[PDB]
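I have placed the structure first, in the form of structure tokens, so that the comments after it can refer back to it.
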Amino acid sequence: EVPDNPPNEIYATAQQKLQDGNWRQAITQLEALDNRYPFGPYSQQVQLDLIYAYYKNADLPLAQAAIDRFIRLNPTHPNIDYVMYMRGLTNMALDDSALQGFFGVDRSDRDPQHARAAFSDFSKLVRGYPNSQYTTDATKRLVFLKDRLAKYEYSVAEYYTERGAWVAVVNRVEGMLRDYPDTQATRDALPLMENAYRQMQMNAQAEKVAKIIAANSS
Amino acid sequence: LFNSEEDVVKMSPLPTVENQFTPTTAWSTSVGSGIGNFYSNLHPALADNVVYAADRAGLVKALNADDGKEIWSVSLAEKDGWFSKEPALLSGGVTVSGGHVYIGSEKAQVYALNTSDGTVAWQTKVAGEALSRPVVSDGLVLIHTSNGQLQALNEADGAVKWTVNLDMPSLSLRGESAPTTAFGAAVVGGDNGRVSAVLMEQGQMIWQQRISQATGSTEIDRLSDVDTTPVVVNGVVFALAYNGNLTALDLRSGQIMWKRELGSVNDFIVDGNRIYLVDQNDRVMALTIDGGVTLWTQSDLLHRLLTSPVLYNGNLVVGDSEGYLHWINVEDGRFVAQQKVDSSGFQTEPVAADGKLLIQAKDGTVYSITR
Amino acid sequence: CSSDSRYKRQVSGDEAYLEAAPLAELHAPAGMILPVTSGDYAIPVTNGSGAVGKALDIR
Amino acid sequence: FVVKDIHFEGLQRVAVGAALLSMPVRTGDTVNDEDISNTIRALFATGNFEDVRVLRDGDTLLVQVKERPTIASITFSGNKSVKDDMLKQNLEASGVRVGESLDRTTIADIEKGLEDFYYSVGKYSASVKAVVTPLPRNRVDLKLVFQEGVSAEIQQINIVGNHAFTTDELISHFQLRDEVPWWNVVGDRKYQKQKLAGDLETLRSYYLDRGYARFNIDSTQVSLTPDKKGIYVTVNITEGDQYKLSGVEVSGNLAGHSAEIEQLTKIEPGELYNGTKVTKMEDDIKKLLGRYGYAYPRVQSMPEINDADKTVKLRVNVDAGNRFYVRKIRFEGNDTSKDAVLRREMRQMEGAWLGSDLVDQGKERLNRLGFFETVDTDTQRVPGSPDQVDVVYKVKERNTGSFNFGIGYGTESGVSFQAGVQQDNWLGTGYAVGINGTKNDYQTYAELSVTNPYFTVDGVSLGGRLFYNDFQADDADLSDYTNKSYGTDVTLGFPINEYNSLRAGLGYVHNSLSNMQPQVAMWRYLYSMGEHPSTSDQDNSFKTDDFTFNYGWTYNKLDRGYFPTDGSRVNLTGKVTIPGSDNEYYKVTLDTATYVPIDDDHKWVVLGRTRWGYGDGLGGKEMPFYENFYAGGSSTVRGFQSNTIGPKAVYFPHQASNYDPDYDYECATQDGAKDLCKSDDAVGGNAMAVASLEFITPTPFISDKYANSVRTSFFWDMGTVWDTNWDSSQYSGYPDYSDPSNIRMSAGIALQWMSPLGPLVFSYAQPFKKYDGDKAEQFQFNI
Amino acid sequence: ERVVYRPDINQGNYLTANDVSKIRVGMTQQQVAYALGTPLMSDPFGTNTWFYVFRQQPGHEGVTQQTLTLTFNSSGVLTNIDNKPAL
């Protein structure tokens, strides 16, 4: 990339192509700084600027590696909050992406694979740094992601009902019931487990849920 | 056409083709495809004014050791047993002791071909195929097999005197550790880099002395097919490791008299004090018997794939695997003659017997050479 | 060449997670009691610095 | 001596204090003369310091350091066969890489180890020198120069101690093959010791299955023959004698399935012993108990090999699991499609017992999916109860989308084009969308084909298809056969069995024809329609609204849904007309595709692909001529040109085509070529019999990162199309095509290159025998 | 309906007749779990009720069910082997 040069010449150009929006060139000097000078003083700020440039270059695992680098290069730091934000923020963006947004089609019943990994690091941020400069938006993601995982968990709780595996209905709803205290999908998975109970003659256990539906009528 | 499949790393050829004396053949008497470019420890012996000549195919000849004319011939290709009609496929070479020609076959069969007709005057299966030609002596058919098992068979009937495992490498680490019996002790070298002495009476280990490395975690040369046949100059064993690293060592104990433990020797003879040998570069070097101090050398067969060095017609004769023959000076390394009697190659040790010098080339088979 | 991105983006993305989906707590009456929250579902509500969305602080 | 200042002369990757903390002496510490020499070795124990010269100015320490670290690059030269990363892996086996401490001591160490790697290749004549090439401030390029002479190869296998079997058929069991003849050219060579241990068992099993339960291998001794090539093997075996499996003593936790287990131990007492099937019959129970809910059916045979009568007895220790192992399931590798898209292609339900094969057919359904890359899972035992196994269906999905194009009329001439697109599993939904159409001056075509494959939960396959052709073939706007055609088809998928599945559809087609060419059999259809227009003019028009009833049925045992390689599936299709149609007719059809692995590693698989068709009237009528049968060229038959297989019609004796173009578009017209000229294109018959026979062949030179997505296949293309209603009266001096001897012949190889938007088919195919009216393009590519 | 072909609807996690004999009302939960293991459905709201329900529909000709709920006390000692048949 950029040879063994003055580091600040490599650093400012990295900042320049960060300022340019030239993320494919921002990494080209940000890495070639830390390729030649990983021991640089702003090389940890380069690491956060790499996570800035990788995400802006859509390099989510390379962001994560630089997130893991700033984990490994800085095992204790007040910019691990970023690293704990941006790993989940990677894993927010790592999970689902399609063109069907303008068509109003949503992937929250898609596999929340990194959306599982997003809920960790966002909450690990708002556990590990619940006062930092990343707690606010991550808590928004987590509140949004709790239903997304639930709407995924709704989709299997949906699917087994028309599949008619009524033991598989209730345990998906129970998995929604045991996990989500607040998601409306769990409020509407509520009669399905009740119906599957009434399919499995657990009408009385379903009238428990009918009382819960009476309690979750509001 | 063939300007593109090219990928080869160099072997050094034969320089210095000098005929100070004129060489020739004494005659030419070919078997067929004999010792072969196939790597085989078949090798013709010469005795009784009889070219006891052979091949792995089965033809057991006897030609005259005056002009190569057929004294007797049988063909002793194999017959059946889990597959019918194999060639003879000789692992051990020709050993003519008494009225038998003892030849180890690659079917782990050692024979005794009756020297009047080459009929198998006894056959005995041994402990794996013969990595050494059968040293048939003292009532024993002493063989260093492929598994390193020292056979001893009663050479009148092949009745097994014993079978004892020798210096045992990790595989067929290719070295002829041919069992020489010295002072009542069957002294053997080793393809596992050690040198032993075993009892000639019953196969009891007199000692075993590690000399140098064999293959495996000290990965050593695979051009040093070692003369781990020991030449015990009476009190001092002269033999190699598996890498070629020469030593001199005690007969009774194996205590190192001296060593040339850098010289990865391939072939060697203790020619008086003047140890003529084949260097690791296939080169010729004369050494002392005291540290192996170089008495003279020759690089005129640098990496040219030689046979063992021999003195015949007064000069150091050697053949190569390229059909050339080389009358090196017994002084500092000069070709006194060069004969290319063959192109098929030689790896046979040149048998300066019956007054003649009889070899079998690989497929340009048995030739007798003089100057 | 021609003025849209000239070699480049307007590639599809997502932003819905900052919207923080409104979630109404499930109520269980007496005798209907199961542990309603398990798993990693533990969100410490902290509005410490930065804001919603991209108004969170960015380095 | 107490130091006032330790002087650190050149560090360049490590810190100042990190060197000083690595020192036994700090600036101000008590200094001993050993501690200075300890400072030599402990700064050498940094590992980044090439030379270390701890000196002192009386007591003021002055440490002259030369430096190992970051290796600037590692360069490789002479690596003709070996990947240099493998050579870098041996560097990484020595803890060496680019950007690392360069110890100048371990140079020949790795130069040994790469030759020791070259040793383990099947070579030894390959030698490496690692060359240190320094760069700024500490840095070093590592040139590695490989002098690769030659590998070792299969030469000889001796099995002494073998007294039962022939080595020659044994080497044929093995892959230690050493013959490629010059005039009988076959097979290959080139030893690897990893093949050996497999061919060790290939010896052992081939003894074991025969009875040889006292077979064993004593030892095996491979030649370390100089030239570094000679591989001659001394195998030492005890061949044993043959034994008789004379009874099964199976018991244990048989879980009440004992007779079923005894069905799996239905043996011949006294047959020649075969531990292989004995091993298989152990697994037979394991799947049986795997069918019976037992994921851990511990089955332990015991061959009581009775050498007193040369027999075997067979204790078998059985220990099942517990029935309801399927607690739940997980599904992974689905970040773009919905979960139940995959979960509908399953056969085992959560909250149930274990059916072992319901996973597998469910996985075979996902193997028959075709939007995937991988089909596997993770049958995760959930620890605790022996009813908690949660099968984590990790799979890999795969792309879709594929555009199709002809060759050229646009962007130099008028705005005219060809188009065809696919969107199957539309945006992660399962929706198969396939859309084509073309607007030229000669036609304006549109087409869609969209499928909700699971419109209901059985897989009601809501396949809707439309078309609207404004076709002209225009001279000006209409002088030569302008026919607007339009209509629909919604066709549905039916569960009939788990492989058997039916089809049924309905047809609206209104063709609105005008100014028709004077082709006799084409107009013989019109005369079969009771429509007898002017044979010497193209003014003649036709308005038909044909109403058909479509149908069909499929079997499907064909393994990969997208890269199919083994199996066999049936595609029966057809159509028939109804009361209300403007013509009463039918058409019947079938296509074949067999997949028989020649190589059972499936790098060679038989591919025999034939297609069938017949359509005529239902009585008193005829099939329309636009429903004829075509082949040849850029297709399943290729090497030809398109529409080159079939009958060949003759124009009526013709005049002006109502603007016949002036010495253009000849139809026996006024403008030359008069009085029963014959067109030589394939007009197609009432019968189809076309085939294609292809042969799976791998690509060695292509990296199998992406050679596995590529199928090379030589073929022969051959087939025939004729009309049973084709009389040789008008077609007397003209060719008759009422014959099954209307066969064509072609050959060649196709090229399936998988782009990121699908495989791209290319084929230089060669028409060997041509029938009448064939036209040929050799190099033909299906986009 | 007018169709007779139906792919089979199935659901396990039941108890056989052998399974009911392996336990008794008064066995503890573990005494039942040594015999029957856990169910793939228990009672999350109230007491220990170990639901083992068979469900199956083959062929346009009706649904089979065998529900076997094992209602223990709060101590997990078995109070009810509630076997519920099909409908």
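How things are named: the first chain in the structure tokens is A, the next is B, and so on; residues count from 1 in each chain; ligands count from 1 in the order shown.
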
Q: Find the residues around segment 1-13 of chain C up to 10 Å (only C-alpha atoms counted), leave out those fewer than 4 positions away in its own chain, and share them as an MDAnalysis selection string.
A: chainID A and resid 93 96:102

Using the selection just defined, write its residues with C-alpha atoms as an mmCIF file, in the first residue's frame.
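Saved as again36.cif:
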```cif
data_model
loop_
_atom_site.group_PDB
_atom_site.id
_atom_site.type_symbol
_atom_site.label_atom_id
_atom_site.label_comp_id
_atom_site.auth_asym_id
_atom_site.auth_seq_id
_atom_site.Cartn_x
_atom_site.Cartn_y
_atom_site.Cartn_z
ATOM 1 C CA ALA A 93 -25.527 -4.917 9.867
ATOM 2 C CA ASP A 96 -29.806 -9.144 7.336
ATOM 3 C CA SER A 97 -29.707 -6.959 4.205
ATOM 4 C CA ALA A 98 -31.778 -6.959 1.009
ATOM 5 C CA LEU A 99 -33.204 -4.744 -1.721
ATOM 6 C CA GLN A 100 -36.779 -5.358 -0.571
ATOM 7 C CA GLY A 101 -36.935 -2.311 1.700
ATOM 8 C CA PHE A 102 -38.672 -0.081 -0.863
#
```

So that I can check the surroundings of segment 41-50 of chain C, please list as a JSON list (two decimals) with C-alpha atoms, in the first residue's frame every protein, DNA and RNA residue that reaches within 7 Å of it, counting only C-alpha atoms and ignoring chain neighbours fewer than 3 positions away.
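Final file, selection-v7.json:
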```
[["chain", "number", "residue", "atom", "x", "y", "z"],
["A", 123, "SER", "CA", -25.88, -5.18, 25.74],
["A", 126, "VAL", "CA", -24.62, -1.12, 27.88],
["A", 127, "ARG", "CA", -23.44, -3.46, 30.60],
["A", 130, "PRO", "CA", -23.45, 2.00, 30.44],
["A", 131, "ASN", "CA", -22.33, 5.63, 30.59],
["A", 132, "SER", "CA", -20.22, 5.80, 27.47],
["A", 133, "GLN", "CA", -20.80, 7.64, 24.26],
["A", 134, "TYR", "CA", -22.49, 4.60, 22.70],
["A", 135, "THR", "CA", -25.12, 3.50, 25.25],
["A", 136, "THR", "CA", -27.99, 5.50, 23.82],
["A", 139, "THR", "CA", -30.21, 0.51, 23.75],
["A", 142, "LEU", "CA", -31.51, -3.84, 21.74],
["A", 179, "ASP", "CA", -37.62, -14.98, 26.82],
["C", 37, "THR", "CA", -37.56, -13.32, 30.63],
["C", 38, "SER", "CA", -34.57, -15.55, 30.07],
["C", 55, "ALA", "CA", -26.76, 11.29, 16.41],
["C", 56, "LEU", "CA", -24.81, 8.87, 18.56],
["C", 57, "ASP", "CA", -21.19, 9.98, 18.64]]
```

Q. What is the distance between atom CA of residue 61 of chain B and atom CA of residue 31 of chain B, in Å to one decimal?
A.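 Separating atom CA of residue 61 of chain B from atom CA of residue 31 of chain B is a distance of 7.4 Å.
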
Q: For chain E, report every residue with an atom at most 6 Å from chain C (counting only C-alpha atoms), formatted as a PyMOL selection string.
A: chain E and resi 44-46

Given the selection you just returned, output its residues as a file containing N, CA, C and O atoms, formatted as a PDB file, in the first residue's frame.
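After the write, result31.pdb holds the following:
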```
ATOM      1  N   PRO E  44     -45.417 -24.787  32.755  1.00  0.00           N
ATOM      2  CA  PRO E  44     -44.640 -23.639  33.234  1.00  0.00           C
ATOM      3  C   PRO E  44     -45.357 -22.790  34.263  1.00  0.00           C
ATOM      4  O   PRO E  44     -44.690 -22.133  35.073  1.00  0.00           O
ATOM      5  N   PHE E  45     -46.685 -22.783  34.256  1.00  0.00           N
ATOM      6  CA  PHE E  45     -47.464 -21.900  35.107  1.00  0.00           C
ATOM      7  C   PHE E  45     -47.659 -22.484  36.491  1.00  0.00           C
ATOM      8  O   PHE E  45     -47.215 -21.906  37.487  1.00  0.00           O
ATOM      9  N   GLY E  46     -48.323 -23.629  36.555  1.00  0.00           N
ATOM     10  CA  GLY E  46     -48.653 -24.230  37.828  1.00  0.00           C
ATOM     11  C   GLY E  46     -47.673 -25.300  38.252  1.00  0.00           C
ATOM     12  O   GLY E  46     -46.456 -25.096  38.204  1.00  0.00           O
TER      13      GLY E  46
END
```

Mind running chain E against chain D at 7 Å and telling me each contacting residue's nearest atom pair with the distance in Å (one decimal), counting only C-alpha atoms, chain and number ascending, as CSV?
```
residue,atom,partner,partner_atom,distance
E:11,CA,D:352,CA,5.6
E:12,CA,D:352,CA,3.7
E:13,CA,D:352,CA,4.4
E:37,CA,D:385,CA,5.9
E:38,CA,D:385,CA,6.2
E:40,CA,D:351,CA,5.4
```

Selection above as a file: N, CA, C and O atoms, as a PDB file, in the first residue's frame:
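Heads up, here's the output in selection08.pdb:
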```pdb
ATOM      1  N   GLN E  11     -46.853 -36.556  15.213  1.00  0.00           N
ATOM      2  CA  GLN E  11     -46.232 -35.876  16.344  1.00  0.00           C
ATOM      3  C   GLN E  11     -46.080 -36.856  17.498  1.00  0.00           C
ATOM      4  O   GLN E  11     -47.064 -37.436  17.962  1.00  0.00           O
ATOM      5  N   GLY E  12     -44.850 -37.010  17.975  1.00  0.00           N
ATOM      6  CA  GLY E  12     -44.581 -37.917  19.070  1.00  0.00           C
ATOM      7  C   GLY E  12     -44.539 -37.221  20.409  1.00  0.00           C
ATOM      8  O   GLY E  12     -45.349 -36.324  20.639  1.00  0.00           O
ATOM      9  N   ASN E  13     -43.564 -37.574  21.257  1.00  0.00           N
ATOM     10  CA  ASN E  13     -43.535 -37.238  22.687  1.00  0.00           C
ATOM     11  C   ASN E  13     -44.820 -37.715  23.367  1.00  0.00           C
ATOM     12  O   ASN E  13     -45.726 -36.953  23.682  1.00  0.00           O
ATOM     13  N   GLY E  37     -37.773 -40.082  31.728  1.00  0.00           N
ATOM     14  CA  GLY E  37     -37.046 -38.886  31.396  1.00  0.00           C
ATOM     15  C   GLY E  37     -37.909 -37.664  31.595  1.00  0.00           C
ATOM     16  O   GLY E  37     -38.923 -37.681  32.299  1.00  0.00           O
ATOM     17  N   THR E  38     -37.508 -36.587  30.951  1.00  0.00           N
ATOM     18  CA  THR E  38     -38.399 -35.447  31.004  1.00  0.00           C
ATOM     19  C   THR E  38     -39.396 -35.534  29.853  1.00  0.00           C
ATOM     20  O   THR E  38     -39.180 -36.294  28.900  1.00  0.00           O
ATOM     21  N   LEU E  40     -41.268 -33.539  26.626  1.00  0.00           N
ATOM     22  CA  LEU E  40     -40.968 -32.426  25.742  1.00  0.00           C
ATOM     23  C   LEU E  40     -42.046 -31.347  25.864  1.00  0.00           C
ATOM     24  O   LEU E  40     -42.195 -30.496  24.984  1.00  0.00           O
TER      25      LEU E  40
END
```

Q.
Set the cut-off to 12 Å and count only C-alpha atoms: what are the residues of chain E that reach chain A? Output as a ChimeraX atom specification.
A. /E:7-14,39-47,49-57,63-69,82-87

(Q) What are the residues of chain D lining chain B at 7 Å or less? Count only C-alpha atoms, and put the answer as a list in words. (A)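 Using only C-alpha atoms, chain D residues at most 7 Å from chain B: residues 147, 148, 149, 150, 160, 163, 164, 165, 166, 221, 222, 223, 224, 225, 226, 227 and 228 of chain D.
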
Q | Neighbours of chain D in chain A at 12 Å, counting only C-alpha atoms, as JSON, numbers by chain | A | {"A": [3, 4, 5, 34, 35, 36, 37, 38, 39, 40, 41, 91, 92, 93, 94, 95, 96, 97, 98, 99, 100, 101, 103, 104, 105, 106, 107, 108, 109, 110, 111, 112, 113, 114, 115, 116, 151, 152, 153, 154, 155, 156, 157, 158, 159, 160, 161, 162, 163, 164, 165, 166, 167, 168, 169, 170, 171, 172, 175]}

Preceding selection exported with C-alpha atoms as a PDB file, in the first residue's frame:
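Contents of the output file out14.pdb:
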```pdb
ATOM      1  CA  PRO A   3       5.506   2.336   2.058  1.00  0.00           C
ATOM      2  CA  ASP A   4       7.762   2.876   5.043  1.00  0.00           C
ATOM      3  CA  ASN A   5       7.185   6.602   5.111  1.00  0.00           C
ATOM      4  CA  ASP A  34      -0.046  -0.047  11.135  1.00  0.00           C
ATOM      5  CA  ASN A  35       1.635  -2.341   8.612  1.00  0.00           C
ATOM      6  CA  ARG A  36       4.835  -0.358   9.121  1.00  0.00           C
ATOM      7  CA  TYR A  37       4.045   1.186  12.515  1.00  0.00           C
ATOM      8  CA  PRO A  38       1.584  -0.977  14.466  1.00  0.00           C
ATOM      9  CA  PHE A  39       3.391   0.416  17.516  1.00  0.00           C
ATOM     10  CA  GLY A  40       2.346   3.939  16.529  1.00  0.00           C
ATOM     11  CA  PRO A  41       0.780   6.306  19.055  1.00  0.00           C
ATOM     12  CA  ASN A  91     -23.494  -7.747  13.915  1.00  0.00           C
ATOM     13  CA  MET A  92     -26.539  -5.563  13.475  1.00  0.00           C
ATOM     14  CA  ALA A  93     -25.527  -4.917   9.867  1.00  0.00           C
ATOM     15  CA  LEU A  94     -23.950  -8.362   9.502  1.00  0.00           C
ATOM     16  CA  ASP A  95     -27.229 -10.175   9.940  1.00  0.00           C
ATOM     17  CA  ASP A  96     -29.806  -9.144   7.336  1.00  0.00           C
ATOM     18  CA  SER A  97     -29.707  -6.959   4.205  1.00  0.00           C
ATOM     19  CA  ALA A  98     -31.778  -6.959   1.009  1.00  0.00           C
ATOM     20  CA  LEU A  99     -33.204  -4.744  -1.721  1.00  0.00           C
ATOM     21  CA  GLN A 100     -36.779  -5.358  -0.571  1.00  0.00           C
ATOM     22  CA  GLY A 101     -36.935  -2.311   1.700  1.00  0.00           C
ATOM     23  CA  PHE A 103     -41.180  -2.911  -1.332  1.00  0.00           C
ATOM     24  CA  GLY A 104     -41.841  -2.927   2.407  1.00  0.00           C
ATOM     25  CA  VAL A 105     -40.500  -6.457   2.859  1.00  0.00           C
ATOM     26  CA  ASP A 106     -38.613  -7.059   6.102  1.00  0.00           C
ATOM     27  CA  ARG A 107     -36.118  -9.674   7.269  1.00  0.00           C
ATOM     28  CA  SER A 108     -36.877 -10.050  10.976  1.00  0.00           C
ATOM     29  CA  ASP A 109     -38.043 -13.619  10.496  1.00  0.00           C
ATOM     30  CA  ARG A 110     -34.763 -14.295   8.743  1.00  0.00           C
ATOM     31  CA  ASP A 111     -32.064 -16.054  10.765  1.00  0.00           C
ATOM     32  CA  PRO A 112     -30.966 -13.580  13.474  1.00  0.00           C
ATOM     33  CA  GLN A 113     -27.469 -15.049  13.440  1.00  0.00           C
ATOM     34  CA  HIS A 114     -25.454 -11.901  13.939  1.00  0.00           C
ATOM     35  CA  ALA A 115     -28.603 -10.305  15.284  1.00  0.00           C
ATOM     36  CA  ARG A 116     -27.988 -12.741  18.099  1.00  0.00           C
ATOM     37  CA  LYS A 151     -40.551 -11.916  15.357  1.00  0.00           C
ATOM     38  CA  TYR A 152     -38.109 -14.548  14.212  1.00  0.00           C
ATOM     39  CA  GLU A 153     -39.317 -16.677  17.110  1.00  0.00           C
ATOM     40  CA  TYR A 154     -42.841 -15.729  16.115  1.00  0.00           C
ATOM     41  CA  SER A 155     -42.265 -17.080  12.618  1.00  0.00           C
ATOM     42  CA  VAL A 156     -41.525 -20.589  13.869  1.00  0.00           C
ATOM     43  CA  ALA A 157     -44.352 -20.229  16.394  1.00  0.00           C
ATOM     44  CA  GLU A 158     -46.404 -19.293  13.350  1.00  0.00           C
ATOM     45  CA  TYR A 159     -45.070 -22.111  11.195  1.00  0.00           C
ATOM     46  CA  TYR A 160     -45.745 -25.042  13.491  1.00  0.00           C
ATOM     47  CA  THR A 161     -49.385 -24.040  13.830  1.00  0.00           C
ATOM     48  CA  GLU A 162     -50.135 -24.635  10.163  1.00  0.00           C
ATOM     49  CA  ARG A 163     -47.656 -27.492  10.403  1.00  0.00           C
ATOM     50  CA  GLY A 164     -49.859 -28.747  13.219  1.00  0.00           C
ATOM     51  CA  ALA A 165     -47.003 -30.105  15.320  1.00  0.00           C
ATOM     52  CA  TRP A 166     -48.718 -28.761  18.411  1.00  0.00           C
ATOM     53  CA  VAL A 167     -45.889 -29.725  20.742  1.00  0.00           C
ATOM     54  CA  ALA A 168     -43.670 -27.764  18.378  1.00  0.00           C
ATOM     55  CA  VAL A 169     -46.193 -24.902  18.464  1.00  0.00           C
ATOM     56  CA  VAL A 170     -46.177 -24.428  22.216  1.00  0.00           C
ATOM     57  CA  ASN A 171     -42.426 -24.779  22.795  1.00  0.00           C
ATOM     58  CA  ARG A 172     -41.724 -22.090  20.218  1.00  0.00           C
ATOM     59  CA  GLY A 175     -39.429 -20.001  23.970  1.00  0.00           C
TER      60      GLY A 175
END
```

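Across the model, the gap from atom CA of residue 500 of chain D to atom CA of residue 59 of chain E is 16.2 Å.
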
Close residues, residue 324 of chain B itself excluded, 8 Å, only C-alpha atoms, min 5 positions apart in chain, as an mmCIF file with N, CA and C atoms, in the first residue's frame:
```
data_model
loop_
_atom_site.group_PDB
_atom_site.id
_atom_site.type_symbol
_atom_site.label_atom_id
_atom_site.label_comp_id
_atom_site.auth_asym_id
_atom_site.auth_seq_id
_atom_site.Cartn_x
_atom_site.Cartn_y
_atom_site.Cartn_z
ATOM 1 N N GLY B 319 32.592 -48.875 -13.134
ATOM 2 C CA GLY B 319 31.547 -48.581 -14.082
ATOM 3 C C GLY B 319 30.539 -47.608 -13.510
ATOM 4 N N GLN B 338 38.904 -45.625 -20.578
ATOM 5 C CA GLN B 338 37.467 -45.446 -20.475
ATOM 6 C C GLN B 338 36.812 -46.272 -21.567
ATOM 7 N N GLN B 339 35.960 -47.208 -21.163
ATOM 8 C CA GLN B 339 35.251 -48.059 -22.113
ATOM 9 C C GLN B 339 33.763 -47.830 -21.918
ATOM 10 N N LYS B 340 33.058 -47.490 -22.979
ATOM 11 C CA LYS B 340 31.606 -47.536 -22.953
ATOM 12 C C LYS B 340 31.174 -48.788 -23.701
ATOM 13 N N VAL B 341 31.314 -49.941 -23.049
ATOM 14 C CA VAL B 341 30.912 -51.228 -23.605
ATOM 15 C C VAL B 341 29.399 -51.387 -23.623
ATOM 16 N N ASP B 342 28.678 -50.497 -22.955
ATOM 17 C CA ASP B 342 27.254 -50.619 -22.733
ATOM 18 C C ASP B 342 26.706 -49.200 -22.713
ATOM 19 N N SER B 343 25.393 -49.064 -22.812
ATOM 20 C CA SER B 343 24.764 -47.789 -22.530
ATOM 21 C C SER B 343 23.710 -48.017 -21.462
ATOM 22 N N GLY B 345 23.933 -49.312 -18.601
ATOM 23 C CA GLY B 345 24.303 -48.972 -17.253
ATOM 24 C C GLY B 345 24.845 -50.114 -16.438
ATOM 25 N N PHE B 346 25.609 -49.773 -15.412
ATOM 26 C CA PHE B 346 26.130 -50.760 -14.489
ATOM 27 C C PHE B 346 25.881 -50.276 -13.075
#
```

Q) Can you list, as a ChimeraX atom specification, every residue of segment 45-216 of chain A that DSSP puts in alpha helix (DSSP H)? A) /A:45-56,60-73,80-95,113-128,135-163,166-179,184-199,203-215

Q) So how far away is atom CA of residue 280 of chain D from atom CA of residue 266 of chain D, in Å? A)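 Taking atom CA of residue 266 of chain D as the start and atom CA of residue 280 of chain D as the end point, the length is 12.8 Å.
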